[PDB]
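Engineer: What follows is a single structure, and I will ask about it in a moment.
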Amino acid sequence: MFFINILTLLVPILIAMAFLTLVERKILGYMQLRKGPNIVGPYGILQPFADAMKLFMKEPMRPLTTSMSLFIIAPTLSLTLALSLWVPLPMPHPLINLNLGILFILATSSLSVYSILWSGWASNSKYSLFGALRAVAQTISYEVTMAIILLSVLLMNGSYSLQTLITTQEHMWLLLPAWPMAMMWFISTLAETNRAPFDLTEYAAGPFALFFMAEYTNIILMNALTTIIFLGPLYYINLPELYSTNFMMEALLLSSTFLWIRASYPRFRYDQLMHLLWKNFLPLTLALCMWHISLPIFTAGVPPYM
Amino acid sequence: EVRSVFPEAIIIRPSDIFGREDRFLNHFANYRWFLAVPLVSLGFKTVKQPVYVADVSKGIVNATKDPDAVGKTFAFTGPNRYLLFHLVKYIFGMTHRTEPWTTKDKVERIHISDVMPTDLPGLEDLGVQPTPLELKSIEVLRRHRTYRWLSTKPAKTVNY
Amino acid sequence: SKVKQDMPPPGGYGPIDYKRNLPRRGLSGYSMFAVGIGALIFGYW
Amino acid sequence: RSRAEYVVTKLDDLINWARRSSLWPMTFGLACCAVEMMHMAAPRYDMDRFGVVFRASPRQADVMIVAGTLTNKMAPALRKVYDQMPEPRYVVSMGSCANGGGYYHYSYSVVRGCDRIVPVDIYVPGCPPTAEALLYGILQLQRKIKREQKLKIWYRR
Amino acid sequence: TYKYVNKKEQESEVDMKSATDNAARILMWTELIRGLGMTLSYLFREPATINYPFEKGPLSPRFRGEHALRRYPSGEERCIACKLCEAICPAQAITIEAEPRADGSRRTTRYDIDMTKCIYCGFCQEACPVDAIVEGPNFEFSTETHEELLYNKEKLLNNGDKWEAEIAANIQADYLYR
Amino acid sequence: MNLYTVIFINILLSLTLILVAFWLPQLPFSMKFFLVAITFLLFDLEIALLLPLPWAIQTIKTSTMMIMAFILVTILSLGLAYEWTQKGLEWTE
Ligand SMILES: CCCCCCCCCCCCCCCCCC(=O)OC[C@H](COP(=O)([O-])OCC[N+](C)(C)C)OC(=O)CCCCCCCCCCCCCCCCC
Ligand SMILES: CCCCCCCCCCCCCCCCCC(=O)OC[C@H](COP(=O)(O)OCCN)OC(=O)CCCCCCCCCCCCCCCCC
Ligand code: SF4
Ligand code: SF4
Ligand code: SF4
C-alpha cells in the first residue's frame, strides 16, 4: 500500500509539472494579447507531452571533453532532489512524517545548488563557468536569507514540524504576523527557482528536459511551501479534503503569481540582485529575526514543543 | 561478374580507407571504451597501408576523366605500410589517451594483411599523390581527445 | 466629373489625446503604514 | 502488409507528430526578414500557439530560420552555429537574400544564397515574405517532417 | 518649441508626508502591484490571434505577391517582348529572349524571373505597358528546393492562368489609382 | 524504511529517465565571488548557531538565552556592517 501511495504522490506531481509548463505558456500568451498552444491536442493539453517526447527523442549532443560522470550526475541529482523535496509535505497528512522536515527541505536545496554547480563545471566553456558561478552565488545568498527567515517564522511556530505549522495556522494565517517576512520569503523562493526578474540567463535534449522538469517541480514546491507556512488552509479533523482543496487553490494562485511576475517584470542585474539581498533583505532579515526572538519572551507567547 | 557483363569496367581496389567518418580510425578509437585492446597475436602479423578518402575520390574522378583508365584495375594504397600493432600504438598515442559495432567479418578483414601492389597501377598513375596518415590524421582523432589534450612520434614504416 | 479622393471629413477629425495619462490611483502612505502596523499588532495579539 | 510494418508505421506517426508539434527554432536573424520573423512571433500569428517557441538557444534548437543577408564575414559563423545544433536539424531559408542572394546577388561580400553553406530544407520567397507566408513555410516544414518514415527505412534496410 | 522629459519645476520640499509616501512606495511595492494589476487586465482581454490557416490576414488589391503573366480576353498573351520589365528590374531578376512567332507576332521565347533574386517591388508590373507581368496576390508558394523558385515562361503563364480570376479583379479594383 | 524506499524510488526514476534519454535516440580569477562564498560560510555557521532556538525558547532562564541571541544577531549585524563599509558587498574595480 505504501508503494501505491508513493506512486499516487509522485506521478500527479509530474503531471502538475508538465501542465505547469502548459499553463505558463497559456498565461504568458494571454498576458501578451495572444494565445497559448491549443492546436497540439484538444486545448493544448497534449503540448507538454509533445514537448517531452520531442526532448527525449532528439539526440543529445554530448561533447567528449565534458566529463560523462558529472554530465550524468547533475540532472539526475536535480530531479531526485526535487522529488525528495516533495515527499515530506503534509496535505494535511504527509507520505513521510519527518521530525525536522524544514531542515530537510533547506538542505535538499543545498544539494540542488551542488547540482547546478556540477552542471556548470561539466559544461566546458568559460562563459558557462562564469554564469554558473554567478548562479551559485545567487542561489547561495537567497538560501541563507531563506534559512534565517524560516528560522524566525518557526520561532513563532514552535518546532521544525509542519503539522505543528498546521496547528499554528488553524486559527489565522501567519501572513498577518509575518507579512514582511512573507514578502522576502516570496522573493527568495523566486530567486531560488531562478524565475524572472532573477533568472539572469548549455544542455541538449535529455539533460535539458531533466533540468526543465526539476526546475518546474521546484517552482510548484516553493509555491506549496509558501502556502503551507504563511497562508494556512482550513483544517478539520473530520475531513482533510477541505484542506487539500484549499491548499490546492492557494498553490495554484502562487504559481500563477510566479508566471504573473515573469510576464510583468524585466530581469535584474547581477550586482543589483546581490545589492538588493545583502543591503536590504539581510539587514531586515536579521532585525526581524531578533524581533521574533524577542516577541514570545515579552508577550509570554512561547509556543509548545508539540 | 562486372567484368563479364561490362568488359571495359574500371575496377578500383582501395585499401582500408581512413577519413573523418570512416569505420577504421574511429573504430580503433572506439576500442578504448572497453578495458583493454583486443588484438589477435598482438597485431604483429598484419600489415596495412591505409589510403585517404580524398585521395580515393580524386582517383575516382580522374578515372572518370582519364582515357587510359578504361578496362583497368587500380590499387589505391597509402604511401607507407604499418603493422597493425604499430598502427594501434600510433592512433592511441596520437589521441594521447593510453548497425553493429564490430562483426566476425569486420575483425577478419582487420586481421587480414594487405597485399603488395606490384603489377597494378595506382594513385600516382591516376595523378593523385598519396597523402600520409601522419599529415591527415589530426583532423580525425581530435574529436576523441580530452580538454587538457585538445590544445606524438609516427609509427615506423616497413617495406614488406 | 467630380474628383473623388481620400480626404478628411468637412467637420474635421476629432481630438486625439496624445498626452501621457497616468491614472494617479493609490491609497495613502500613512494609511497603508497604519493598516500594516495594525495587522502586525492584531497578528501578534 | 505484415503486422510489424503497421506497428513501425504507427511509431513513425508518433515520432513525426512529436517532432512537428514541438518545433523549437533559433532564428539566425540578420535583417528585414528577421524583423518580419518577430512580426510572426507577434500576437497576430502566434507560432507559440502553433507550438513553435520564440528565442530558443542553438543547443535546444530544431530548425534554423536563416533570416536576412548572409555575408562572407558571417558565413563561417553561420556554419559554426549550424554545426553546434543537434543532429535532428532543419533549415528554413527566408527571403531573397538567404534564398539566392536576392538584391545583393552580384555583391562582392554577399554569399549567393545560404544553401551554399548549409543544406536548406525549405525556401520561403519574398522580400520580405509576409509573416503569414513564413508561417506557411513552417507548416509546410511540419508536413514535410510528418512525411518522414525513419523506422520504416530502417526496417526495410 | 521644446519640452523637458525629466526636469521638474523648482522643489517640492522634503515633507514628512512625502517622505512617508516614498517609503511606502519602496517598502510595499506599489508600482509593482499596479504593473501586476494591468498585466492581469491584459490577461482578461481578448487575444488578437487569428486562426491560421483557417483565417487569413487582411490585405489590399495592391499586394505584390507571386509573379504571373496575363492574357487578353481573346487568349493571346499580353506580353509583347518589350524588355522594359528586365530593364527596370533593380535586382536583374528577369531574363527575356524573343523572336517573331510563326504568324509574325512579337512574342517571347524565354521569360524567366528568379524568385530568389526578385525583391517583389512591382517595378515590372508598373513598367509593363500592356499589363502583362503582374505581382498577383499569391504568397503561399514556398518550395522545398531552390530550383522550384527559378520560374520560366511556362510557369509564369500557368500562374497567370490560375490566378486570372483574382488578378483581373484586383486590377479592376485598383487601376484607377495607377 | 519508508524514507529509504522513497529515496531509492526517486533515484531509480531519475536514473531510468536519463537511461531512456540516452537509449531512445539510436583562467582570470575574480576575488569577489570568493568573498561572497566565505561570507556565506560565516553566515551559514551563524545560522547553525541560531538554529536550536525553537528548543532554546523553552528554557527556564529566558533572560540569559535572550541576551545571548541578541548579542549573536548583533555581531551578525556588526560583521555585515564591517563588510559594507569596507566595500566587500559591491562589485566595483
Ligand atoms: C506570501 C504570500 C505572497 C506575498 C507576495 C505576493 C506577490 C507580490 C509580488 C510583487 C512583485 C515582486 C517581483 C520582484 C520584485 C523585486 C524587487 C523588490 O521587491 O525589491 C525590494 C525592495 C528594494 O527596494 P529598492 O530597490 O528601492 O532599494 C532600497 C535601497 N535604495 C533605495 C537605497 C536603493 O524593497 C525592500 O527590500 C523591502 C522589502 C519589504 C519590507 C517591508 C517592511 C515592512 C515593515 C516591517 C515591520 C515594521 C514594524 C515592526 C513591528 C512594530 C510593532 C509596534
Ligand atoms: C545520482 C547520485 C545522487 C547522490 C545523492 C542522492 C540524494 C537523494 C535525495 C536526497 C535524500 C536526502 C536524505 C537525507 C537523510 C534523511 C533526513 C532525515 O530527517 O532522516 C531522519 C528520518 C527519521 O527521523 P525523524 O524524523 O526523527 O523520525 C523519528 C520520529 N518518528 O529518516 C530516517 O532516519 C531514514 C534514514 C535513511 C534516509 C535516507 C535514505 C537514503 C537512501 C540511499 C540513497 C543512495 C542509494 C545508493 C546509490 C544509488 C545510485 C546513485
Ligand atoms: S530578402 Fe529583402 S527583406 Fe529579406 S533581408 Fe534581403 S533585402 Fe531584406
Ligand atoms: S518585383 Fe521583382 S521581378 Fe519585378 S522589377 Fe521588382 S525585383 Fe524585378
Ligand atoms: S514589360 Fe510587359 S510586355 Fe514588356 S517584355 Fe516585360 S512582361 Fe513583356
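No value in this document is a laboratory result; all are computed from the given coordinates. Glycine gets a Cβ as well: all are built from the backbone with ideal geometry, and neighbour counts include every protein chain shown.
Engineer: Please go through region E:84-105 and give me each residue that is farther than 16 Å from E:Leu157 by Cβ and either surrounded by 15 or more Cβ atoms within 10 Å (Cβ to Cβ) or within 10 Å of ligand 4 (Cβ to nearest atom) (or both), ordered by number.
Structural biologist: Once the filter is applied, which keeps residues that are farther than 16 Å from E:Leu157 by Cβ and either surrounded by 15 or more Cβ atoms within 10 Å (Cβ to Cβ) or within 10 Å of ligand 4 (Cβ to nearest atom) (or both), region E:84-105 yields E:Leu84, E:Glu86, E:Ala87, E:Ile88, E:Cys89, E:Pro90, E:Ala91, E:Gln92, E:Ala93.
Engineer: On to the next question. Can you tell me which residue in region F:41-74 is nearest to the other protein chains (Cβ to nearest Cβ), limited to those that are closer than 18 Å to A:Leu103 by Cα and among the charged types (D, E, K, R)?
Structural biologist: F:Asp44
Engineer: Please list, ordered by first then second residue, the pairs with beta carbon atoms under 9 Å, 6 or more apart or interchain, first in region A:146-169 and more than 9 Å from chain F (Cβ to nearest Cβ), second charged (D, E, K, R) and assigned to a helix (DSSP H, G or I).
Structural biologist: Listed pairs, sorted by first residue: A:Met146/A:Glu192.
Engineer: If you take the residues of region A:1-39 that are within 14 Å of chain D (Cβ to nearest Cβ) and of a type in the set (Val, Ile, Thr), which of them is nearest to E:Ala48 (Cα to Cα)?
Structural biologist: Ranking the qualifying residues of region A:1-39, first place goes to A:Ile27.
Engineer: Go through region A:230-285 residue by residue and tally those that are part of a helix (DSSP H, G or I), hydroxyl-bearing (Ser, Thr, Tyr) and either within 30 Å of A:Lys26 (Cβ to Cβ) or away from chain F (no Cβ under 14 Å) (or both).
Structural biologist: So the answer is 7.
Engineer: Here is a follow-up. Exactly one of (1) crowded, with 19+ Cβ neighbours inside 10 Å; (2) within 20 Å of the chain's Cα centre (by Cα) is unmet by E:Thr108. Its number?
Structural biologist: All conditions are met except number (2).
Engineer: Do the conditions hold for D:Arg143, that is, is it farther than 25 Å from A:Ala205 by Cα, away from ligand 1 (no atom under 16 Å from the Cβ) and not aromatic (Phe, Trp, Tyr)?
Structural biologist: In short, no.
Engineer: So which residues in region E:29-54 are under 18 Å from A:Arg25 (Cβ atoms) and surrounded by 13 or more Cβ atoms within 10 Å (Cβ to Cβ)?
Structural biologist: E:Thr39, E:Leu40, E:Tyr42, E:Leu43, E:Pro47, E:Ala48, E:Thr49, E:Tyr52
Engineer: Quick one: is E:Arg71 closer than 24 Å to E:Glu140 by Cβ and either within 16 Å of ligand 1 (Cβ to nearest atom) or in contact with a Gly (Cβ under 7 Å, 6 or more places away or on another chain) (or both)?
Structural biologist: For E:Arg71, the condition - closer than 24 Å to E:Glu140 by Cβ and either within 16 Å of ligand 1 (Cβ to nearest atom) or in contact with a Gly (Cβ under 7 Å, 6 or more places away or on another chain) (or both) - is met.
Engineer: Are there any helices (runs of 4 or more DSSP H) wholly within region B:1-91 with 1 or more residues that are acidic (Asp, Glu), and if so which?
Structural biologist: Passing ranges, in order: B:53-65.
Engineer: Looking at D:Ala56, D:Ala41, D:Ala98 in this structure, which one is more than 16 Å from ligand 1 (Cβ to nearest atom), among the small types (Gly, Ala, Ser) and over 14 Å from the mean Cα position of the chain (by Cα)?
Structural biologist: Going through D:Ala56, D:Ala41, D:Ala98 in turn, the sole match is D:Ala41.
Engineer: A further question follows. Go through E:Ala68, E:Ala48 for me and flag whichever is part of a strand (DSSP E or B) and more than 16 Å from ligand 3 (Cβ to nearest atom).
Structural biologist: E:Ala68
Engineer: Further question on the same structure: What number of residues in region A:63-85 are in contact with a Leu (Cβ under 6 Å, 6 or more places away or on another chain) and either surrounded by fewer than 22 Cβ atoms within 10 Å (Cβ to Cβ) or more than 8 Å from chain F (Cβ to nearest Cβ) (or both)?
Structural biologist: 2
Engineer: Please work out which residue is farthest from the other protein chains (Cβ to nearest Cβ), limiting yourself to region E:97-125 and to residues that are part of a loop (DSSP other than H, G, I, E, B) and within 19 Å of E:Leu149 (Cα to Cα).
Structural biologist: The extreme case among them is E:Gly122.
Engineer: Could we say that D:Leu139 is within 9 Å of chain E (Cβ to nearest Cβ), crowded, with 16+ Cβ neighbours inside 10 Å, among the hydrophobic types (A, V, I, L, M, F, W, C) and part of a helix (DSSP H, G or I) here?
Structural biologist: yes
Engineer: Still on this structure: Return yes when D:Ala98 is more than 14 Å from chain E (Cβ to nearest Cβ) and not in a loop (DSSP other than H, G, I, E, B) and no when it is not.
Structural biologist: Answer is no for this residue.
Conditions tested, residue by residue: (1) hydrophobic (A, V, I, L, M, F, W, C); (2) over 14 Å from the mean Cα position of the chain (by Cα); (3) assigned to a helix (DSSP H, G or I); (4) within 16 Å of ligand 3 (Cβ to nearest atom).
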site	(1), (2), (3), (4)
A:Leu77	yes, yes, yes, no
A:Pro94	no, yes, no, no
A:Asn99	no, yes, no, no
A:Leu117	yes, yes, yes, no
A:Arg134	no, yes, yes, no
A:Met146	yes, no, yes, no
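Engineer: Still on this structure: Do any helices (runs of 4 or more DSSP H) entirely within region D:1-66 hold 2 or more residues that are touching a helix residue (DSSP H, G or I) at 6+ places or on another chain (Cβ under 9 Å) and under 17 Å from D:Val91 (Cα atoms), and if so, which?
Structural biologist: D:3-21, D:32-41
Engineer: Let me ask something else about it. Here's a check for you: in region E:55-71, which residue that is surrounded by fewer than 18 Cβ atoms within 10 Å (Cβ to Cβ) and more than 28 Å from A:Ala263 (Cβ to Cβ) is nearest to ligand 2 (Cβ to nearest atom)?
Structural biologist: Only one residue fits best here, namely E:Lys56.
Engineer: Only one of (1) buried (at least 18 other Cβ atoms within 10 Å of the Cβ); (2) away from chain D (no Cβ under 14 Å); (3) assigned to a loop (DSSP other than H, G, I, E, B); (4) not aliphatic (A, V, I, L, M) is not met by E:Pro129, so which one is it?
Structural biologist: In the conditions (1) buried (at least 18 other Cβ atoms within 10 Å of the Cβ); (2) away from chain D (no Cβ under 14 Å); (3) assigned to a loop (DSSP other than H, G, I, E, B); (4) not aliphatic (A, V, I, L, M), E:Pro129 misses (1) alone.
Engineer: Could you list, in sequence order, all residues of region E:132-155 that are surrounded by 22 or more Cβ atoms within 10 Å (Cβ to Cβ) and more than 14 Å from chain D (Cβ to nearest Cβ)?
Structural biologist: Answer for region E:132-155, where residues must be surrounded by 22 or more Cβ atoms within 10 Å (Cβ to Cβ) and more than 14 Å from chain D (Cβ to nearest Cβ): E:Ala132, E:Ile133, E:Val134.
Engineer: Checking A:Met53 against (1) facing chain D (nearest Cβ under 7 Å); (2) under 30 Å from E:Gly37 (Cβ atoms); (3) part of a helix (DSSP H, G or I), which single condition isn't satisfied?
Structural biologist: It fails just one condition, (2).
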